[PDB]
Structure formats: structure tokens, C-alpha cells
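*Asks:* mmCIF, C-alpha atoms and all ligand atoms, file target.cif:
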data_data
#
loop_
_atom_site.group_PDB
_atom_site.id
_atom_site.type_symbol
_atom_site.label_atom_id
_atom_site.label_comp_id
_atom_site.auth_asym_id
_atom_site.auth_seq_id
_atom_site.Cartn_x
_atom_site.Cartn_y
_atom_site.Cartn_z
ATOM 1 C CA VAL F 14 26.025 62.160 -64.931
ATOM 2 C CA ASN F 15 27.564 65.651 -65.045
ATOM 3 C CA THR F 16 30.460 64.322 -67.144
ATOM 4 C CA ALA F 17 27.941 62.865 -69.617
ATOM 5 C CA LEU F 18 26.012 66.157 -69.771
ATOM 6 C CA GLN F 19 29.247 68.099 -70.349
ATOM 7 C CA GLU F 20 30.220 65.635 -73.101
ATOM 8 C CA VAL F 21 26.777 66.124 -74.694
ATOM 9 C CA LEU F 22 27.194 69.918 -74.490
ATOM 10 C CA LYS F 23 30.702 69.710 -75.979
ATOM 11 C CA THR F 24 29.656 67.512 -78.906
ATOM 12 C CA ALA F 25 26.646 69.787 -79.479
ATOM 13 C CA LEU F 26 29.108 72.692 -79.622
ATOM 14 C CA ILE F 27 31.199 70.663 -82.089
ATOM 15 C CA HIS F 28 28.283 69.790 -84.388
ATOM 16 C CA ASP F 29 26.647 73.254 -83.869
ATOM 17 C CA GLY F 30 23.283 71.634 -83.169
ATOM 18 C CA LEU F 31 22.475 73.614 -80.036
ATOM 19 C CA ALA F 32 20.319 76.752 -80.151
ATOM 20 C CA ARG F 33 21.941 79.068 -77.612
ATOM 21 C CA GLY F 34 20.015 82.037 -76.268
ATOM 22 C CA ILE F 35 16.421 82.511 -75.139
ATOM 23 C CA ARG F 36 15.460 83.792 -78.617
ATOM 24 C CA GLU F 37 16.647 80.620 -80.364
ATOM 25 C CA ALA F 38 15.163 78.542 -77.527
ATOM 26 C CA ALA F 39 11.763 80.193 -78.059
ATOM 27 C CA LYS F 40 12.187 79.494 -81.779
ATOM 28 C CA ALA F 41 12.910 75.832 -80.942
ATOM 29 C CA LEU F 42 9.833 75.456 -78.711
ATOM 30 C CA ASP F 43 7.669 77.251 -81.281
ATOM 31 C CA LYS F 44 9.011 74.796 -83.882
ATOM 32 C CA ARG F 45 8.595 71.949 -81.311
ATOM 33 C CA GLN F 46 12.275 70.944 -81.114
ATOM 34 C CA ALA F 47 12.980 70.987 -77.364
ATOM 35 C CA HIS F 48 14.739 67.781 -76.276
ATOM 36 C CA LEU F 49 16.943 68.747 -73.306
ATOM 37 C CA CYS F 50 17.461 72.023 -71.461
ATOM 38 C CA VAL F 51 19.266 73.375 -68.396
ATOM 39 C CA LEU F 52 17.561 75.663 -65.866
ATOM 40 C CA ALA F 53 19.428 77.665 -63.211
ATOM 41 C CA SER F 54 17.246 77.894 -60.108
ATOM 42 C CA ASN F 55 17.770 79.814 -56.803
ATOM 43 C CA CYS F 56 18.988 82.904 -58.689
ATOM 44 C CA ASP F 57 18.331 86.627 -58.263
ATOM 45 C CA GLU F 58 15.849 86.826 -61.159
ATOM 46 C CA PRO F 59 12.707 88.634 -59.871
ATOM 47 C CA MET F 60 10.070 87.252 -62.253
ATOM 48 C CA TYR F 61 12.034 85.626 -65.104
ATOM 49 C CA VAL F 62 11.941 82.191 -63.439
ATOM 50 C CA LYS F 63 8.137 82.013 -63.767
ATOM 51 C CA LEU F 64 8.328 82.612 -67.533
ATOM 52 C CA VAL F 65 11.183 80.104 -67.894
ATOM 53 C CA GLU F 66 9.291 77.450 -65.900
ATOM 54 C CA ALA F 67 6.099 78.197 -67.864
ATOM 55 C CA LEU F 68 7.880 77.610 -71.169
ATOM 56 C CA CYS F 69 9.738 74.578 -69.761
ATOM 57 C CA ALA F 70 6.469 72.997 -68.543
ATOM 58 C CA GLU F 71 4.746 73.031 -71.950
ATOM 59 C CA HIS F 72 5.375 69.808 -73.907
ATOM 60 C CA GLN F 73 7.969 66.999 -73.339
ATOM 61 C CA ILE F 74 10.821 69.141 -71.995
ATOM 62 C CA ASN F 75 13.322 67.805 -69.457
ATOM 63 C CA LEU F 76 13.627 69.443 -66.025
ATOM 64 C CA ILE F 77 17.285 69.866 -65.004
ATOM 65 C CA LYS F 78 18.244 72.225 -62.168
ATOM 66 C CA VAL F 79 21.641 73.859 -61.624
ATOM 67 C CA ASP F 80 22.843 76.580 -59.257
ATOM 68 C CA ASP F 81 23.894 79.770 -61.070
ATOM 69 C CA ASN F 82 23.474 81.686 -64.318
ATOM 70 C CA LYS F 83 27.132 82.760 -64.429
ATOM 71 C CA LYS F 84 28.432 79.191 -64.066
ATOM 72 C CA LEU F 85 26.623 78.179 -67.275
ATOM 73 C CA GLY F 86 28.615 80.668 -69.364
ATOM 74 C CA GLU F 87 31.722 78.471 -69.414
ATOM 75 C CA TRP F 88 30.186 75.189 -70.609
ATOM 76 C CA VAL F 89 28.342 76.925 -73.458
ATOM 77 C CA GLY F 90 31.235 79.316 -74.061
ATOM 78 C CA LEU F 91 29.677 82.772 -74.292
ATOM 79 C CA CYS F 92 32.889 84.726 -73.601
ATOM 80 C CA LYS F 93 35.574 82.028 -73.345
ATOM 81 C CA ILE F 94 38.491 84.331 -74.133
ATOM 82 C CA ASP F 95 42.024 83.091 -73.261
ATOM 83 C CA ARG F 96 41.167 79.394 -73.487
ATOM 84 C CA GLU F 97 44.549 78.409 -71.999
ATOM 85 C CA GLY F 98 43.449 79.984 -68.697
ATOM 86 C CA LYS F 99 40.613 81.810 -66.915
ATOM 87 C CA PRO F 100 38.686 84.548 -68.761
ATOM 88 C CA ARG F 101 38.688 88.056 -67.309
ATOM 89 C CA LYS F 102 35.710 89.580 -69.182
ATOM 90 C CA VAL F 103 32.579 87.420 -69.296
ATOM 91 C CA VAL F 104 28.791 87.814 -69.213
ATOM 92 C CA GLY F 105 26.069 85.322 -68.297
ATOM 93 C CA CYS F 106 22.991 83.607 -69.684
ATOM 94 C CA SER F 107 19.888 81.927 -68.288
ATOM 95 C CA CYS F 108 19.197 78.863 -70.458
ATOM 96 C CA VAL F 109 20.813 77.260 -73.506
ATOM 97 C CA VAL F 110 18.879 74.460 -75.202
ATOM 98 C CA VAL F 111 20.378 71.688 -77.333
ATOM 99 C CA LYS F 112 19.110 69.891 -80.448
ATOM 100 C CA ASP F 113 21.592 67.047 -80.867
ATOM 101 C CA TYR F 114 21.639 65.228 -84.208
ATOM 102 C CA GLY F 115 24.479 62.818 -83.434
ATOM 103 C CA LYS F 116 22.609 61.257 -80.528
ATOM 104 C CA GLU F 117 24.646 58.034 -80.415
ATOM 105 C CA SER F 118 27.343 58.059 -77.722
ATOM 106 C CA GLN F 119 28.751 55.879 -74.933
ATOM 107 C CA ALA F 120 26.934 57.145 -71.817
ATOM 108 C CA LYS F 121 23.782 58.060 -73.769
ATOM 109 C CA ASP F 122 22.208 54.716 -72.807
ATOM 110 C CA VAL F 123 22.538 55.614 -69.112
ATOM 111 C CA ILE F 124 21.378 59.164 -69.941
ATOM 112 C CA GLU F 125 18.185 57.954 -71.639
ATOM 113 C CA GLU F 126 17.656 55.392 -68.861
ATOM 114 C CA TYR F 127 17.777 58.221 -66.313
ATOM 115 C CA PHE F 128 15.568 60.465 -68.467
ATOM 116 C CA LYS F 129 12.940 57.799 -69.192
ATOM 117 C CA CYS F 130 12.901 56.452 -65.621
ATOM 118 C CA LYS L 83 36.499 116.123 -90.780
ATOM 119 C CA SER L 84 33.706 118.342 -89.434
ATOM 120 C CA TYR L 85 31.188 120.119 -91.668
ATOM 121 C CA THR L 86 29.020 123.181 -91.092
ATOM 122 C CA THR L 87 25.862 121.079 -91.385
ATOM 123 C CA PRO L 88 25.380 119.032 -88.178
ATOM 124 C CA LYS L 89 25.669 115.267 -88.456
ATOM 125 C CA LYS L 90 22.513 113.160 -88.670
ATOM 126 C CA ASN L 91 22.020 110.051 -86.554
ATOM 127 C CA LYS L 92 21.739 106.452 -87.748
ATOM 128 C CA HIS L 93 19.240 103.760 -86.774
ATOM 129 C CA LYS L 94 21.242 102.127 -83.980
ATOM 130 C CA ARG L 95 19.784 99.062 -82.271
ATOM 131 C CA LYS L 96 19.312 100.109 -78.647
ATOM 132 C CA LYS L 97 19.347 97.947 -75.512
ATOM 133 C CA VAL L 98 15.997 96.506 -74.390
ATOM 134 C CA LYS L 99 15.839 94.420 -71.212
ATOM 135 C CA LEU L 100 13.671 91.253 -71.354
ATOM 136 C CA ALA L 101 11.695 91.928 -74.527
ATOM 137 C CA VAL L 102 10.299 88.376 -74.835
ATOM 138 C CA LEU L 103 7.763 88.950 -72.032
ATOM 139 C CA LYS L 104 6.475 91.840 -74.149
ATOM 140 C CA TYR L 105 5.278 89.139 -76.570
ATOM 141 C CA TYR L 106 4.493 86.123 -74.365
ATOM 142 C CA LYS L 107 2.058 87.402 -71.734
ATOM 143 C CA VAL L 108 2.493 85.427 -68.506
ATOM 144 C CA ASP L 109 -1.030 84.357 -67.531
ATOM 145 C CA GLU L 110 -2.225 82.496 -64.427
ATOM 146 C CA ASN L 111 -2.149 78.841 -65.482
ATOM 147 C CA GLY L 112 0.563 77.071 -67.459
ATOM 148 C CA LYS L 113 -0.641 78.099 -70.917
ATOM 149 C CA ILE L 114 1.120 80.243 -73.517
ATOM 150 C CA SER L 115 -0.709 83.301 -74.852
ATOM 151 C CA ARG L 116 0.315 85.307 -77.923
ATOM 152 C CA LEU L 117 -0.938 88.874 -78.403
ATOM 153 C CA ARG L 118 1.117 90.100 -81.367
ATOM 154 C CA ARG L 119 0.288 88.676 -84.781
ATOM 155 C CA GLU L 120 2.341 86.232 -86.853
ATOM 156 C CA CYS L 121 2.981 85.753 -90.557
ATOM 157 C CA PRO L 122 0.409 83.311 -92.020
ATOM 158 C CA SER L 123 2.483 82.637 -95.153
ATOM 159 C CA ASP L 124 4.577 79.489 -95.549
ATOM 160 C CA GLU L 125 7.676 81.378 -96.741
ATOM 161 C CA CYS L 126 8.858 82.059 -93.175
ATOM 162 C CA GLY L 127 8.370 80.035 -90.021
ATOM 163 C CA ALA L 128 5.905 80.694 -87.226
ATOM 164 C CA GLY L 129 8.693 81.327 -84.702
ATOM 165 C CA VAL L 130 9.404 84.724 -86.264
ATOM 166 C CA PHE L 131 6.964 87.258 -84.807
ATOM 167 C CA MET L 132 5.951 90.184 -87.000
ATOM 168 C CA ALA L 133 5.933 93.880 -86.118
ATOM 169 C CA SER L 134 3.160 95.282 -83.911
ATOM 170 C CA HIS L 135 2.046 98.406 -85.747
ATOM 171 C CA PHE L 136 -0.874 100.515 -84.533
ATOM 172 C CA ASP L 137 -2.829 100.329 -87.816
ATOM 173 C CA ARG L 138 -1.375 97.357 -89.750
ATOM 174 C CA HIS L 139 1.077 94.449 -89.478
ATOM 175 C CA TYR L 140 4.536 94.399 -91.068
ATOM 176 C CA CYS L 141 5.867 91.083 -92.378
ATOM 177 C CA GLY L 142 9.375 90.172 -91.286
ATOM 178 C CA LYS L 143 11.052 89.340 -94.596
ATOM 179 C CA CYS L 144 8.634 89.356 -97.554
ATOM 180 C CA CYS L 145 7.291 92.887 -96.759
ATOM 181 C CA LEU L 146 3.723 91.556 -97.133
ATOM 182 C CA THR L 147 2.045 94.259 -95.071
ATOM 183 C CA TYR L 148 -1.443 93.248 -93.912
ATOM 184 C CA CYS L 149 -3.963 96.073 -93.528
ATOM 185 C CA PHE L 150 -7.288 96.159 -91.692
HETATM 186 ZN ZN ZN F 201 8.031 86.623 -91.050
#
When written as C-alpha cells, how does the structure in this file appear?
Ligand SMILES: [Zn+2]
*Replies:*
Amino acid sequence: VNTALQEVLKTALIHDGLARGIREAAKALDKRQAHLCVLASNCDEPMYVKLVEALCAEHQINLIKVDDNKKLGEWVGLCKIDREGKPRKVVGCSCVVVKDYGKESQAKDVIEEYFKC
Amino acid sequence: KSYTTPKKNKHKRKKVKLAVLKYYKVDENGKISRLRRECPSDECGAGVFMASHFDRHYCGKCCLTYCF
């Protein structure tokens, strides 16, 4: 399922349909365009996780949990310098939401079967 | 290079940590609360939040300043 989510993130990066950043995510929820999102639990955030869960528990938003904030900077590509190898200067992010327009894919049937059930 | 009159500063955008909770007040139950005003016009969307001035409200793009 992680391969399918990474493929969805990569094609959202290709079509530029994702709204990266908490500012654009808040714009998407205020415009009611939140389809899928990724949340990094068990982090060192003192009180940010309550605000993120409060916005994520508003209206038809998926609940996906991952481990770290700094491991989400490579799939989105915040500071992916030296793409042939490992970056040496990189920062992190909390959540990046996606608004995919080209929804049709190969594993998307299994993805929507897991999301609906 | 350097003049006798000292140089004046420019409006540089400073670094503010976690400004979004300044707008969205985290209440007890799972309900969103907005304190700062928004632009009621249809020219700009509702996701853009206007300036919180002490005696008026400054529109984000159209400069339609609303006064009390
Ligand atoms: Zn505005």
C-alpha cells in the first residue's frame, strides 16, 4: 500500500495538484478540498498535534499515520538537492495534503477499497 | 559606497513560529473557531484571512478597508 501511496504522491508532484504546506492545507480545508492527507504521529511537537488532529477530524478527511516529520521531506521533496544521491541540507514539514485530478490509476481500485472499507 | 546619512531599513518579513494557531483558536471540543475577520466580497476566497487591525479591517487584495 506504501508503494501505491508513493506513486500517488509522485503523480501529484507531476501534475502539481497537491497543496504542500500547512497554509495551503488550511486553504484547502477552508475551500473544502481535502481528499487524502498524511499525519506524522509520535513526534516531539508539544501542542501542534492537537491542532492537526482537530483540523483532520472536521469533514471527510482520511486518517493516515506515519512515524516522523523529517522522513516526509523526501517524498514531497522540500529540499531534494543532489537528486543522484542523498541531500546534505534539508528541513522538515508536518503535513502535505494532495488534491489529485488524474485519479485513475492501477492500484487506485485497491486504494479506494481500503479507504471505503 | 557609504554615505554620511545613515541607511534606513526595509520592511523585511521576519520569522514567526506557528502563526496559524494565532488565527484558529484551539477550543475544547472538535470545532473550529475563527476570531479574526474575513473578506465578505466574492473577489477573493474565504481562505484568505484579512488583517487584524485595532480599529478597522484591511482587505487582502482589493484594499476595501472596513471601518466601524
Ligand atoms: Zn482578501
*Asks:* Enumerate as a ChimeraX atom specification the residues within 10 Å of ligand ZN 201 (chain F), counting all atoms listed in the file.
*Replies:* /L:120-133,140-146
*Asks:* Tell me, in Å to one decimal, how far CA of residue 21 in chain F is from CA of residue 89 in chain F.
*Replies:* 11.0 Å
*Asks:* Given the file shown, enumerate the residues that the PyMOL selection byres (((chain F and resi 110-119) around 9) and not hetatm) captures and present them as a ChimeraX atom specification.
*Replies:* /F:17,21-22,24-25,28-35,37-38,41,46-51,108-109,120-123
*Asks:* Once the PyMOL selection byres ((chain F and not hetatm) within 9 of (chain L)) has been applied to the shown file, what residues remain in the selection, as a list in words?
*Replies:* residues 35, 36, 39, 40, 41, 42, 43, 44, 61, 63, 64, 66, 67, 68, 70 and 71 of chain F
*Asks:* Only C-alpha atoms, please: the residues just picked out, written as a PDB file, in the coordinates of the input.
*Replies:*
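Wrote it out as selection_3.pdb, contents follow:
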ATOM      1  CA  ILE F  35      16.421  82.511 -75.139  1.00  0.00           C
ATOM      2  CA  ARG F  36      15.460  83.792 -78.617  1.00  0.00           C
ATOM      3  CA  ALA F  39      11.763  80.193 -78.059  1.00  0.00           C
ATOM      4  CA  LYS F  40      12.187  79.494 -81.779  1.00  0.00           C
ATOM      5  CA  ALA F  41      12.910  75.832 -80.942  1.00  0.00           C
ATOM      6  CA  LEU F  42       9.833  75.456 -78.711  1.00  0.00           C
ATOM      7  CA  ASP F  43       7.669  77.251 -81.281  1.00  0.00           C
ATOM      8  CA  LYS F  44       9.011  74.796 -83.882  1.00  0.00           C
ATOM      9  CA  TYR F  61      12.034  85.626 -65.104  1.00  0.00           C
ATOM     10  CA  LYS F  63       8.137  82.013 -63.767  1.00  0.00           C
ATOM     11  CA  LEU F  64       8.328  82.612 -67.533  1.00  0.00           C
ATOM     12  CA  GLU F  66       9.291  77.450 -65.900  1.00  0.00           C
ATOM     13  CA  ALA F  67       6.099  78.197 -67.864  1.00  0.00           C
ATOM     14  CA  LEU F  68       7.880  77.610 -71.169  1.00  0.00           C
ATOM     15  CA  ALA F  70       6.469  72.997 -68.543  1.00  0.00           C
ATOM     16  CA  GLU F  71       4.746  73.031 -71.950  1.00  0.00           C
TER      17      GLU F  71
END
*Asks:* Distance CA of residue 105 in chain F-CA of residue 27 in chain F, one decimal place?
*Replies:*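 Calculated distance between CA of residue 105 in chain F and CA of residue 27 in chain F is 20.8 Å.
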*Asks:* Suppose you want the space between CA of residue 102 in chain F and CA of residue 92 in chain L; what is it in Å?
*Replies:*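 Separating CA of residue 102 in chain F from CA of residue 92 in chain L is a distance of 28.7 Å.
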*Asks:* Enclose all atoms of range 20-30 of chain F listed in the file in an axis-aligned box, grow every side by 4 Å, and hand back centre and edge lengths in Å to one decimal, as lines of an AutoDock Vina configuration file.
*Replies:*
center_x = 27.2
center_y = 69.4
center_z = -78.7
size_x = 15.9
size_y = 15.6
size_z = 19.3
*Asks:* Measuring between all atoms listed in the file, which one of F:91, F:104, F:18, F:84 shows the shortest distance to residue 56 in chain F?
*Replies:* F:84
*Asks:* Show me, as a ChimeraX atom specification, the residues that have an atom within 8 Å of residue 103 in chain F when counting all atoms listed in the file, minus same-chain residues fewer than 6 positions from it.
*Replies:* /F:86,91-93
*Asks:* With all atoms listed in the file as the atoms that count, which of F:130, F:124, F:60, F:69 lies nearest to residue 19 in chain F?
*Replies:*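 Once distances to residue 19 in chain F are computed over all atoms listed in the file, the minimum belongs to F:124.
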